[PDB]
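Here is the structure we will look at.
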Amino acid sequence: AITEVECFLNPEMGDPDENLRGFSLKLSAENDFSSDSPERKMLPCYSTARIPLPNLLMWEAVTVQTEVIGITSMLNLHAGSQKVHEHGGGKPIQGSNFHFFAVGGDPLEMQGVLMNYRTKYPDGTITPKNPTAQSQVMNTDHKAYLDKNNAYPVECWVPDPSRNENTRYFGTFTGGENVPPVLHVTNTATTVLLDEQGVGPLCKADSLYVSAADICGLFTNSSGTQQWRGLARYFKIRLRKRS
Amino acid sequence: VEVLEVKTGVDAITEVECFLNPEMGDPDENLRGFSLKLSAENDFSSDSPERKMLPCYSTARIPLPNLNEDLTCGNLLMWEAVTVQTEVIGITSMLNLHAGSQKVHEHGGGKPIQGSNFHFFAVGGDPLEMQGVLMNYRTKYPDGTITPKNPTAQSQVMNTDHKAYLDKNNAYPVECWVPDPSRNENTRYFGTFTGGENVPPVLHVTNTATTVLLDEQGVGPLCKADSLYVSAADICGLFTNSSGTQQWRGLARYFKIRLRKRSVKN
Amino acid sequence: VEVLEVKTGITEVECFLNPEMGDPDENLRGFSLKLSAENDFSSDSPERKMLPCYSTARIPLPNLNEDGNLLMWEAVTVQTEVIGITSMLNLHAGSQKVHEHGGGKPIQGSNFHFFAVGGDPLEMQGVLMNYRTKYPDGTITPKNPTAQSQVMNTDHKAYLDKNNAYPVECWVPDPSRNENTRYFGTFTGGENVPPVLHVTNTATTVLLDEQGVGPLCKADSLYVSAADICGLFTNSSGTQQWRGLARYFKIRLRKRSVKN
Amino acid sequence: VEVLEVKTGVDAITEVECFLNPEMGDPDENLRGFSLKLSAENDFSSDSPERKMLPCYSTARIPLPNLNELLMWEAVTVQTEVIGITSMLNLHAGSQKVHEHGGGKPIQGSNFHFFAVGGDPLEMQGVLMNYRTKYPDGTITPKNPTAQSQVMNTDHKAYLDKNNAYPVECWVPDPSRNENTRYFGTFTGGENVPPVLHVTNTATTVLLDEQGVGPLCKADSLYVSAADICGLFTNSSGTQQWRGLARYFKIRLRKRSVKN
Amino acid sequence: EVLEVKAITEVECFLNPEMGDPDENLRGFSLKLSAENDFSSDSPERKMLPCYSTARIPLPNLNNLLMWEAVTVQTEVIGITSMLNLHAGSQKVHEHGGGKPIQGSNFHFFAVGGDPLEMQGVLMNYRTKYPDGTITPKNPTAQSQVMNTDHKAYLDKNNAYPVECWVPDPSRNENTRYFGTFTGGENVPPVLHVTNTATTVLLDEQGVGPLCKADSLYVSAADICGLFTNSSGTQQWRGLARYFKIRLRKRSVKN
Ligand SMILES: CC(=O)N[C@H]1[C@H]([C@H](O)[C@H](O)CO)O[C@@](OC[C@H]2O[C@@H](O[C@H]3[C@H](O)[C@@H](O)[C@H](O)O[C@@H]3CO)[C@H](O)[C@@H](O)[C@H]2O)(C(=O)O)C[C@@H]1O
Ligand SMILES: CC(=O)N[C@H]1[C@H]([C@H](O)[C@H](O)CO)O[C@@](O)(C(=O)O)C[C@@H]1O
Ligand SMILES: CC(=O)N[C@H]1[C@H]([C@H](O)[C@H](O)CO)O[C@@](O)(C(=O)O)C[C@@H]1O
C-alpha cells in the first residue's frame with residue numbers, strides 16, 4: 001500500500017572534542033598548496049543513513065518533507081562568540097554555507113573535485129585517489145558511493161549529475177565571509193520525487209538512502225578563531241508499492 | 001481576541017481575530033518589547049544567561065463555541081481552521097532614529113534596528129509541538145524558562161528526548177526550541193531565520209494575503225476540545241544603544257483565522 | 001450594505017500624491033529636517049519637520065442615483081508607481097563623497113513604501129518605538145500611551161483623515177479594520193540598505209476581495225494613501241535627511257448595484 | 001482610436017531588430033560608453049554639472065513597411081538584453097586595486113536598467129534631486145523648475161524626442177500618459193550594489209495590454225528607448241565614472257484593423 | 001524547411017573551464033591579476049584571461065533529409081563544494097581566522113546549438129593589446145566599447161576567445177539556445193545550485209529545437225566562480241567544469 005519513514009540525520013562537522021558536537025575544529029589559514037595537511041576534525045563530511053524497509057514488488061519513494069533542525073540555536077549570542085563591538089552582543093554565525101539532501105534507492109553517487117589537488121587528507125577520510133591538476137577541474141577517475149557516514153569530506157565531493165538514475169538530490173552553496181544564513185521551516189512543503197515518467201526512486205534491496213550536508217556558516221570565537229557549525233536534517237518520505 | 005459568528009448554520013463560518021504580544025524579555029516597565037542588553041564572550045563552561053535577556057515564544061489558547069448539543073450521537077462537530085491572515089504590527093516604529101540608538105557616524109541619525117531576526121507563526125487544534133536544540137548544552141538557563149532537561153553534547157545536534165508542547169507564554173526561549181516536523185499533524189507552522197550582524201529587516205503588510213491551512217486531503221487543523229492555538233516569534237533584530245549595548249526588539253503579530261464546522265465520527 | 005450585480009454598459013480616476021517628509025525650508029521640499037540621534041527615551045522631543053507623515057487625498061465622485069437598488073462606484077484595479085526614482089542618480093549635489101576624489105554617497109538606508117485605496121479613510125493602529133516620546137504641535141500621535149504602546153495597545157485607533165499630520169513612525173495600517181480598503185506596504189531597515197524601485201505601466205493590482213467585490217465608495221468618495229520614504233541622504237557635513245518621492249495612482253471604477 | 005480585429009495573411013507579421021548605443025557622456029574620443037569623472041559635495045545653490053558627466057536616455061525611431069489611411073502595425077513581443085556584460089571582467093585596465101597586490105575594483109554602485117517600446121515617443125515626467133541645479137547647454141531638463149520639481153510638478157512633461165539630450169537624473173517615464181508605449185525599469189541605489197545582468201535568446205516580453213492590444217504604430221513608426229547605467233568605474237586616482245552598455249531589441253509586430 | 005519528428009539519442013559531456021592555467025599545478029585558476037594599467041598601456045598576459053570553453057560532438061551521419069534535433073539539456077557546475085576548502089592558500093579573514101572564501105565578480109553561461117555559438121565583441125578598453133593565442137575584436141575603435149557590428153565571431157576554438165571580449169550575439173544564434181548571468185562586485189557571494197531534477201527545454205515557439213547542421217552538436221560554457229585571494233593579497237580567477245546531458249530526436253526536413 002503506502003508507508004511513511006522518518007529520520008533525523010545528525011551533521012558530521014568534525015566534533016573536535018566531546019563537548020563540541022555539531023562544530024568543527026578551529027580553521028587553519030594560509031597553508032601553501034604544497035603543504036596543506038588538514039586535521040580530520042576540521043573537515044565537515046556528508047551524512048548518510050540506509051533505512052531498512054518491510055520486505056515483499058518494490059518500495060518507490062514518492063515525496064519527501066525535509067528541514068534543518070535547530071535554526072533558532074543561532075540566536076544564542078551570549079556563549080563563546082566574539083563581541084561585534086565594545087559592549088555589543090556576540091557575532092552571529094555567518095559566512096560560507098552548503099545545504100544539501102538526497103533521497104534514493106541506491107547510495108548517492110559522487111564526483112570528486114578539489115580546490116588544491118596537492119592537499120594531504122588525514123586518516124579516516126575518503127578523498128579522491130591519485131589526484132592530478134585535472135582533479136581541480138573534471139577528472140572522471142574520481143567516482144565514489146556515499147557509503148560511509150562521517151568519512152567523505154564535503155570539500156572533496158559533489159553529487160554526480162552523470163549518474164544518480166535512482167536518486168533525487170538538491171543543494172545550494174553560498175560562499176563569502178559575511179553571507180547571512182537564511183533558513184525556512186514549515187510542515188506544509190513537500191518535494192515530489194517522481195521523474196518525467198511518474199516513477200520515484202526504487203528501493204533496490206528494501207533499502208532507502210538519505211544523505212545530507214547542512215554547514216550553516218562559521219562561528220567566530222572571542223579569540224578570532226573560526227569553527228564550522230552544522231545542524232541535523234529531518235526527512236519524512238512517503239513510499240508506495242510498485243511492480 | 002474577538003470570536004465572531006460571520007454565518008450560522010451547517011455552512012457556519014467563524015472568524016477569530018487576536019493580537020499576540022511579543023515576549024522579548026521586558027527588562028523594566030518602560031522597555032516593553034525589548035530584551036535586557038546582550039552579554040557576549042561567556043565561555044561555554046560558564047554561560048548563565050539572565051531571564052530578561054532571552055526572547056521566548058508567544059502562545060495563546062482561544063476557546064471556541066461548543067458545537068455538540070448531545071455528546072451521545074454518531075457524528076460530533078469540530079471547528080476546522082481553513083485560512084489565516086497574519087502580519088507583524090508596528091513595523092514603521094523602526095523609523096524612529098532619534099530615540100536611544102547610537103549615531104551611525106558623527107552628526108548622523110540613529111542606527112536602525114538590524115541583525116539576526118526570526119519571524120514565525122503557527123495555527124493548530126493542539127499545542128505547537130517543539131524539539132529542543134542548543135548552541136551550548138552546558139548553558140545554565142535561568143528560573144522562569146523551560147529548556148531541554150538533562151541535555152548532553154547530542155543536544156547541540158538532534159536529541160529526541162527534548163520534546164515539549166508550547167504550553168506556556170513567555171517561558172520557552174526561542175534559542176532552545178524549534179517547531180517539531182516529526183509531529184504537529186494538527187498544526188500548520190511557518191518560520192524564517194535570517195542570521196548576521198547587519199541583516200536588514202524586510203517586513204510586508206497587506207490585508208489582501210491569505211494562507212490556506214488545508215492539508216493534501218482538504219482538511220484544516222481540527223480544534224480538539226473547542227480550542228484554537230496561535231503561536232509566534234517576531235524578533236525583528238538588535239537595537240544598538242548610544243553606549244554600544246544591544247537589545248532584541250520584537251513586535252506583536254495579528255491573526256485572523258476563518259473556521260468552519262466539520263462532522264467527524266465518535 | 002447588501003451588494004448586488006455589476007451594472008453593464010467603467011471610468012478611471014488618477015492622482016499624484018506628494019510625499020510629506022517634513023520640508024524643513026522652501027528649497028528642501030521632499031526632504032526631512034536633519035536627523036537628531038541618541039536622545040534618552042525620557043527626553044525625546046522630535047521637531048515636526050524631522051518626522052515624515054502619511055500622505056492622503058479624497059477623490060470626489062459623482063453620485064449615481066435619483067431615488068430599492070442604488071448604484072455605487074466600486075474600485076476594481078489600481079496602477080501605482082513612485083515618481084522620480086532616477087533623481088537619485090544625481091551624486092554631484094550636496095551628498096558626502098564616498099572617498100577622496102570620489103562621487104557623492106547614494107541615498108540608502110531604512111525605507112518604507114506603502115499605498116492604500118479604499119471607499120473610507122485608511123484605518124490605522126498606533127505603535128511607538130518609545131511610548132515617552134513627546135511629539136510636536138501639528139502631529140496626531142497615540143493619545144495617553146503606556147509601555148504597552150511599544151507592542152499592541154488597542155486604544156490607539158485613528159483614521160488617516162488629515163494630510164501631513166500622522167507620523168509614519170507612530171502608525172501602521174490596522175489589519176483588524178479596513179473592511180473597505182486594500183493596503184500594501186514593505187519596510188526595509190538598515191544603515192546601508194540599497195533602494196530597489198521598479199517602474200512599469202504594465203503592472204495592475206486587482207482590488208477585488210474573495211467574493212469579487214472591490215472597495216465601495218459609500219459616500220461618493222475614493223481615498224488614496226501613501227508613504228514613500230526612499231532612504232537617507234547624507235550631507236557633506238555628515239548630517240542625514242529622509243528623502244521621499246510622490247506616488248501616482250490610476251484607479252479603474254465600475255458601477256455596482258446595492259440594496260437601499 | 002477604436003481597435004478592431006487582428007488581420008492575418010501574407011506579410012501580416014514583421015520583425016525589426018536594433019542596437020541602441022548608451023549615452024553616458026563620452027568625455028573624450030577614447031572613452032565612448034563612460035561619463036566624465038563625477039564631482040561631489042556641490043552646494044545645492046552652486047550645482048553646475050558638466051554635459052559629459054550626465055548620462056542621457058537613448059532613443060531611436062524604426063520605420064515600418066508603409067500601410068495606408070485602416071491598418072496599423074501592433075507591437076506584440078520584444079526580446080531585449082544588455083550587450084557586453086562580460087567586458088566588466090577586465091580588472092587589469094584603469095581600475096583602482098582593491099588592496100595592495102590585488103586586482104582592479106569591479107564596476108559597482110547605483111545602476112538603472114530601462115527600456116520602452118511604443119507607437120509614439122516615450123512620454124516623460126521631470127523630477128529633480130535639487131531644483132536649483134544649473135544644467136549645461138546640450139541637455140533638455142525641466143523648464144523653470146521650482147521647489148515642487150523635487151516632488152511632483154505636473155508642468156514637467158516631455159517627449160523623449162532627442163537622443164543624448166534628456167539626462168536620466170531629470171526624467172522618468174510618465175505613468176499618467178504612455179497609453180501607446182510599454183516601459184520597464186529598475187533603479188538600484190548604493191555604493192556597493194553589484195550589477196546583476198542576465199542574457200538569453202529564449203526570453204520574450206509580451207507587450208499586449210489586458211484587452212490583448214499592443215502598442216499601435218502611429219505613422220508606421222516604432223519607438224525604442226533605453227537607459228543602462230551599469231554602475232561606477234573607480235580609477236586608480238579614486239575618481240569615478242558611469243559605465244553604460246548598448247541594448248538590443250527584437251520586436252515582433254502584426255497588422256491590426258482600427259477606425260478613425 | 002522543417003517537417004515531422006521521425007529515434008532518440010542522449011549525449012553527455014564534461015566541459016573543462018579555461019581560466020588561463022598559469023602553471024601545471026594551478027589548472028582551473030588564472031595568473032594573478034594585474035591592476036591599474038593605463039588604458040593606453042594595457043597588455044594583459046594570456047594566462048591571466050579566462051576564455052570560453054567549447055566542444056563539437058559528432059553525431060551519426062543520418063544521410064527530404066533527417067537531422068538530429070536537440071530537445072532538452074540538463075546542466076550543472078561541477079565541484080561547487082571545493083570552495084569550502086578555506087585552509088589552502090587563501091588570506092586569513094583576520095588574526096587567527098580561517099581563509100577568505102572565493103567571492104567577487106562571476107559569470108555562469110552555457111549554450112547548446114547545431115552551429116558554433118555566434119558572438120559579438122565588446123571591450124572595456126578598445127586600446128587593450130591582447131596577447132598571442134587569443135582571438136579578440138579585429139581593428140577595434142572607441143565604438144568597440146559600446147556596439148561595433150564589425151566584431152562578429154564564431155566560438156570555433158577552445159581556450160582562445162577571452163570572456164572579457166565576447167558575449168553571445170542576440171542578433172544571430174537562430175540555431176543555438178544560450179543562457180548567462182553576470183554578477184559584478186568586489187565581495188559578491190557565489191550562489192550555486194545543483195539538482196538532477198532540472199531540465200531546460202530547447203524547443204522554440206514552433207516546437208523546433210537546434211538542428212545539427214553537419215551532424216555536429218555544439219556545447220559552450222563559461223563558469224568564472226569569483227576571485228581567490230592569496231595570503232600575499234594577489235587574486236586569481238577560479239573556474240569549474242560544466243556537465244551537459246542533451247536529449248536529441250530525428251527530425252525530417254526538406255532539401
Ligand atoms: C579610464 C581613464 O581614461 N581614466 C583616466 C581618467 C578619465 O580620462 C577622466 O576622469 C574622464 O573624465 O582621468 C584621470 O585623469 C584625469 C585627467 O584626465 C585628463 O585626460 C587625459 C586622460 O586622463 C588620459 O587617460 C588620456 O590619455 O589623455 C587625456 C587627455 O590628456 C584630463 O585632461 C584632465 O583634466 C584630468 O581630468 C583621472 O584620474 O580621473 C586619469 C585616469 O587614468
Ligand atoms: C532605555 C534604553 O532604551 N536603553 C538603556 C539601556 C537599557 O535600559 C538596558 O540595556 C536594558 O538591559 O541601559 C543603558 O544603561 C545601556 O545599556 O546603555 C542605558 C540605555 O539608555
Ligand atoms: C594558489 C597559489 O599557489 N597561489 C600562489 C600564487 C600563484 O602561483 C600566482 O599568483 C599565479 O600567477 O603566487 C604567489 O607568489 C602569490 O601571488 O602571492 C603565492 C601563491 O601561494
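Numbered from 1 within each chain, the chains take letters A, B, ... in sequence-line order.
- Per-residue heavy-atom pair counts under 4.5 Å with chain E were compared for D/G33, D/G94, D/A246, and the maximum is reached by D/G94.
- Between E/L123 and D/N90, every side-chain heavy-atom pair lies at or beyond the 4.5 Å cut-off.
- Interface check for chain E: of the options D/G84, D/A93, D/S95, D/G231, the most heavy-atom pairs under 4.5 Å are formed by D/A93.
- Within 6.0 Å of CG in E/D23 there are more than 12 heavy atoms belonging to other residues, nucleotides or ligands.
- Considering all non-hydrogen atoms of both residues, E/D169 and D/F19 come closest at OD1-CZ, 4.1 Å.
- Here E/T183 contributes atom OG1 and D/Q108 contributes atom CD; the two are 12.5 Å apart, rounded to the nearest 0.5 Å.
- No more than 12 heavy-atom neighbours from other residues, nucleotides or ligands sit within 6.0 angstrom of NZ on D/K162.
- Proximity to chain E involves both the backbone and the side chain of D/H198, based on heavy atoms less than 4.5 angstrom apart.
- Across E/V188 and D/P194, no two heavy atoms sit closer than the pair CG2-CB, 3.4 Å.
- Atom-to-atom distance recorded for E/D204:CG and D/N201:CG is 10.5 Å, nearest 0.5 angstrom.
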Please lay out, stage by stage, how E/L227 and D/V98 fare under the test side-chain contact (heavy atoms from CB on, under 4.5 Å). CA-CA 12 Å; E/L227 290 166; D/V98 293; over 6 Å; no

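- The local environment of NZ in E/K100 is crowded, with over 12 non-hydrogen atoms from other residues, nucleotides or ligands closer than 6.0 Å.
- To the nearest 0.5 angstrom, D/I85 atom CD1 is 5.0 Å from E/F107 atom CZ.
- Across all non-hydrogen atoms, the minimal contact from E/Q145 to D/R32 is NE2-O, 3.0 Å.
- Among the candidates E/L49, E/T141, E/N37, the residue making the largest number of heavy-atom pairs closer than 4.5 Å to chain D is E/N37.
- In this structure, the separation between CG on D/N30 and CZ on E/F39 is 9.5 Å, given to the nearest 0.5 Å.
- Ranked by heavy-atom pairs shorter than 4.5 Å toward chain D, the options E/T229, E/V146, E/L33, E/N125 are led by E/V146.
- Among D/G244, D/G102, D/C230, D/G109, the residue with the largest count of heavy-atom pairs under 4.5 Å with chain E is D/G102.
- Once rounded to the nearest 0.5 Å, the distance linking CZ of D/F233 with CE of E/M124 reads 5.0 Å.
- Across all their heavy atoms, E/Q235 and D/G103 have their closest contact at OE1-N, 2.8 Å.
- Residue E/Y154 qualifies as open at atom OH: its count of foreign heavy atoms under 6.0 Å is 12 or below.
- Within the 4.5 angstrom heavy-atom criterion, only side-chain atoms of D/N21, from C-beta onward, approach chain E.
- Only the backbone of D/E29 comes within less than 4.5 Å of a heavy atom in chain E; its side chain stays farther off.
- Both the backbone and the side chain of D/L31 come within contact range of chain E, with heavy atoms under 4.5 Å apart.
- The two residues D/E81 and E/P168 have their closest heavy-atom pair at OE2-O, 4.3 Å.
- Going from atom CD1 of E/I224 over to atom CG of D/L89 covers 4.5 Å, rounded to the nearest 0.5 Å.
- Between E/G233 and D/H99 the shortest heavy-atom distance is O-NE2, 2.7 Å.
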